[PDB]
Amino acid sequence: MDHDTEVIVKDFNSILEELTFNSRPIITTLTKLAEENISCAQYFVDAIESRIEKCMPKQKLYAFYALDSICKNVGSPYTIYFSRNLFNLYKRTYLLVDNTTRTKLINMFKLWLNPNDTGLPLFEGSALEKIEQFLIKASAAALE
């Protein structure tokens, strides 16, 4: 991680640390940084997942909204990287947050099935199937 890379990554991390509520300007700014610095894609992904793992219940959702915005507006390679840990990330988060936050996690998932009316799933079909099965077992989605 050279100089320029370390500067950019450190800045992304500082901005992410201010995401304590549903901030549109911060989410859009992180989205623009992701689109303009694809070379640092992997560090941005690690930063977002670590944030989700370490912060309080409420704040876990907004970090997930940053992930959602980047994946819907920028697309690859972010959609591919996040697909790798999406199930474990979503499940562990769901099991550690309140029920109102859970309905918002559920609606976010629904739009992942048909984003921007494209008719094509946002993430790997497998991750999404596992999440749906988890939701059914948690009485959060209708059985078939």
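Don't overthink the numbering: it's just position in the shown sequence, from 1.
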query: Mean C-alpha temperature factor, higher of 8-16 and 21-29; finding: 8-16
query: Higher-B stretch (mean Cα B-factor, as the entry records it), 103-111 or 34-42; finding: 34-42
query: Top Cα B factor in the deposited entry, candidates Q59, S76, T93, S69; finding: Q59
query: CA B-factor placement of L120, once the chain's modelled residues are sorted into thirds; finding: highest
query: Modelled-residue ranking by C-alpha temperature factor, third containing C55; finding: highest
